[PDB]
Every structure is written in structure tokens, then in C-alpha cells.
Amino acid sequence: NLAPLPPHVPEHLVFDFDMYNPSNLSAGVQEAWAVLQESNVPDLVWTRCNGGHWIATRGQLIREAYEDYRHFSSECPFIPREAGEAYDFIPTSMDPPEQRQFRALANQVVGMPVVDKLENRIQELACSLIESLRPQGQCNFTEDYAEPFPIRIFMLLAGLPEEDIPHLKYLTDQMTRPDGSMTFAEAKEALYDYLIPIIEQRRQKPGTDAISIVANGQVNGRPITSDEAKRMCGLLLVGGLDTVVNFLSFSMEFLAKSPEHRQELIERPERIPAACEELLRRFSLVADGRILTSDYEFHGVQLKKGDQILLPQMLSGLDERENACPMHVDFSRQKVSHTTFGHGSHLXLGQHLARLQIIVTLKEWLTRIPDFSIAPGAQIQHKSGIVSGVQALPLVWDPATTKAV
Ligand code: HEM
Ligand SMILES: CC1(C)[C@@H]2CC[C@@]1(C)C(=O)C2
Ligand SMILES: [K+]
């Protein structure tokens, strides 16, 4: 239900948006969140859902809050409070000064030099999967590509067996879009239960994989601890298993529904990177937040120490104050403004990997299957959370229109 309204919150600021089951979900997730930017809604609102918390609804406030880590701490970055309290991943649960030293280590395993080394295998995997689907004239895109394409690459990078994917994917999903079977704390402890023996093993006998690299790594010139390594490796798993996996499906749902936009990319494939950026804006999908370190008056609103504030990364690029006609996809948009990969000191460090995976998927798919549609009669369902997603995406095409390459 709705948590009782705290005394310090004026009733005129109440807007009971449920980030885990938003009212207008049937219209699309981004559409469902964009209700927070309707004409009657203030820049900063209180929702009584999910224990009660603030929501910044506009790009300007979201950006300002991500910059001000002194007032807006990452210590408790998830809603609901019990999830944010249990959340201890590194670097995300940390503020400067201590946070930054951990970013360099994470960059060693998923940063640009690593992405370069993996790029041929990434390309190869996309081609392999797509060629196998091509003659079928149909797929369940979420499970036939959106999942295995990013996840098998992450498993390879981390040196984990592919048979472990269903278990790990289940756990990650419970931390971002819980189905009610597990609390965040339970899913976290299970993920750590998995990692503990692996980290011990790889500190004793290091390999070349990501976990070995992190577990035996150094931070600001001193050895990382087993526990710090566990808390970082957990985060890396969530990133590899539950980000681009969802994003690809939003993109592909859009392309199937939009023949005019596909054709643009078939006629002019060099536009694909710009298209990637515009889609990252339009189908932005992350929303986490921060906790107030002290009482603070922010844009005329009295925020109280300990208050949680959702700062939906998703909303910045959908904000008409940041981009004209924001629900329209324009691959030639001149200034594509978004905070899809975050803002401030916690900027996504997986973004080279993410962009490569998106760009590769678009290029390799459109080359082989230029003409495809949503299965006739299908209604695409979505699920909202910390990272939002597509429940299923049945696609169809005429094999005669495809090219084996
Ligand atoms: C479309 C794909 C992705 C999106 C939209 C995305 C989004 C984000 C966002 C919004 C943040 C900031 C969180 C915050 O400020 O609290 C973040 C941080 C982070 N992301 Fe990504 N991400 C994506 C892919 C990836 C991938 C593939 C990885 C690979 C491991 C990854 C690893 C990380 C890490 C390690 C951080 C923490 C940085 C820090 O706290 O200093 N992300 N990401
Ligand atoms: C918000 C994120 C996308 C970012 C990387 C994975 C994620 C769910 C986190 O816990 C930090
Ligand atoms: K915490």
C-alpha cells in the first residue's frame, strides 16, 4: 500500500508513482515513466509507494543531484530502503573520496583495452546467432539473442561456465525487477555465495579472466581484499547480465514497429552509431538514486536527512526541456541529450562494451534480416524496476527477404 505521509512532506507534492508497477505500463515503460513529466507535475515529487521517497522528474534536477555527492550519497542507492541498505556493491555504494580508486580496477576488466580484445569474438557471436535464426522466419528475441549475445560474452570474459547462466540471471533479475520470490538481500547473499569459492580459488591460482584480475588486483597501489573483490565482481555480474540484455530488446521492439526507421539504417548504415545514441536516449531504462546525508533545501523543497531520492537516469533524455519532441526517434537529432549511462562520479564504466554490443547487433542484424515485424496479434509486455525490460519479443520475417552473409 502507501506508506503514511511524513510530516515534513507537503501534501501538494505527493504523486504516488510506483517504480515497480507504474500505472501506465501498458503504453510502454518509457511512456509509463513520462507521466512524471505531465503538465500538472512539479519538478520534485514524493511518492508514498515502496516505503516512500522523492522523485526528481526533470533532467536539470537529476543532473544536479548526481553531481552533488555531499548531499546525495550513493550509500543507499536502491528503492526500497531495505534493498538500498543491503546494497554494498563496489564502486556504486561508495562516495568520493573512497569510490574512485575502485573504478580503475573495474576498467581493467571491462574497459576499452579489454573490449578491443573481445571485439572479434563479439562480432562472431552476433553473426553466429543471427545466421542460425535467419532461415527460421521468426524468433523469441529476448531469449534467442538479447540474453545469450551479451551474457555468453560476459561469461567468457569472467571465465564462468555457460551452464551457470540460468541461476545467475535469476539472481540478477531479483535485484532489479524482483518477482517477489526473493528480497534484494537474499538475492545479494546468493550471488555472493556463488562468488566466494571462485574468488578464493582464483587468488590461490590466478588465471587471465575478469574475476582473477579483480581478485588479485590493486587499488590506489595496495592489494584489494577478498571482500572488496567479491563486492566488485557482484556488480560486474549485474552489469553484464542485466543491462544491454534489456536494452537490445527495447531497440529491436522499436525497429520492428518502425519500418521507416529500419529503412533509414538499411539505406545509410553509417548512421548506425548515431542511431545507437538516439535509441539509448529514447529507450533509456535505468533508475536508481541516492540518500540524503543531511537536511537540505533543494529547488525550494525541504529534503530531510535519511530521505531516499530516486533520480531516474531514464527521465533526463525524455525531458522536453532537454530534447524537443522527446518521444520521437530522430536519428539525425543534433544534440542528443541524455544521462542513460549515469552522471557525475559514478558514470558507467561499461559503456564501450555496451555501445559495441548495441552497434554490432544493429549492423549484423540489419545486414541479414533487414525486414522484420512484431508477430501478428502480439501485445508486447514490459516490466519496470531499477532496470526496466521487455517480457517477450516475438519477431517474424519472410526468409526470402534475408541475406545469408
Ligand atoms: C545499456 C547498458 C547500460 C546502461 C544503460 C548502464 C547504466 C549505468 C548507470 C546509469 C550507472 C550509474 C549508476 C549510479 O550512478 O548509481 C552505471 C554504473 C556502472 N555500470 Fe553501467 N550500464 C550499462 C551497461 C554496463 C555494462 C555492460 C557493464 C559491465 C560490467 C556495466 C558496469 C557498470 C559499473 C561497474 C558501474 C559502477 C560505476 C561506479 O559506481 O563508479 N554497465 N551504469
Ligand atoms: C544501476 C546499474 C545499471 C549500475 C550497474 C548495474 C546497476 C543495476 C547497478 O547496481 C549500478
Ligand atoms: K548500503
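What counts and what doesn't
- Residues numbered from 1 in each chain as written, not as in the entry; some residues may be left out.
- Chains lettered and ligands numbered in written order.
- Heavy atoms only, no water.
- Residues with missing side-chain atoms left out of burial classes, pairs and counts.
- UniProt positions renumbered as here; feature names shortened; annotations may be inferred.
- Pairing = 2+ DSSP bridges.
- Helix = DSSP H or I, 4+ residues; strand = E, 2+ residues; numbered from the N terminus.
- Buried < 20%, exposed > 50% of the residue type's maximum accessible area, 1.4 Å probe, protein only.
- 1 Å grid on protein atoms, 1.4 Å probe; cavity = no way out; pocket = protein on both sides within 12 Å on 5 of 7 lines; lining within 4 Å.
- Points joined across faces, edges and corners; volume = space filled by probe spheres on them.
- Nonpolar A, V, L, I, M, F, W, Y, C, P; charged D, E, K, R; others polar.

- As annotated in the PDB entry, the protein is Camphor 5-monooxygenase from Pseudomonas putida.
- On record in UniProt, under Function, the comment for the protein is "Involved in a camphor oxidation system."
- UniProt, in the comment section headed Cofactor, describes the protein in these words: "heme".

1. Considering the sheet that holds strand 3 (residues 72-73)
Inference 1: An order of 1-2-10-7-3 is seen for the 5 strands of this open sheet, with the pairing classed as mixed. Each edge of the open sheet carries a strand with a single partner, namely strand 1 (44-47) and strand 3.
Inference 2: Sheet topology places strand 2 (residues 53-56) next to strand 10 (residues 308-311); 2 bridges connect them, and they run parallel. Paired with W54 across the bridge in strand 10 is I309.

2. Here we look at the pairing of strand 1
Inference 1: Here strand 1 shows a buried face lined by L44 and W46 and a second buried face lined by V45 and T47.
Inference 2: Examined bridge by bridge, strand 1 and strand 2 share 4 bridges and lie antiparallel to one another. The residue bridging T47 from the neighbouring strand is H53, located in strand 2.
Inference 3: Two successive antiparallel strands, strand 1 and strand 2, enclose a turn made up of 5 residues, where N50 displays a positive phi of approximately 55°.

3. With respect to the layout of surface pockets
Inference 1: Its volume calculated, the largest pocket comes out at about 350 Å³.
Inference 2: Looking at the lining of the largest pocket, the elements with two or more residues in it are helix 6 (141-146), helix 8 (165-176), helix 12 (244-257) and strand 13 (389-390).
Inference 3: Residue classes in the lining of the largest pocket are distributed as 4 nonpolar, 7 polar and 7 charged.
Inference 4: Reported here for the second largest pocket is a volume of approximately 280 Å³.
Inference 5: At the level of elements, helix 1 (29-33) and helix 12 are the ones that each hand at least two residues to the lining of the second largest pocket.
Inference 6: Considering every element that reaches the lining of the second largest pocket, the biggest residue donor is helix 12, with 4 residues.
Inference 7: For the lining of the second largest pocket, the per-class residue count stands at 8 nonpolar, 6 polar and 4 charged.

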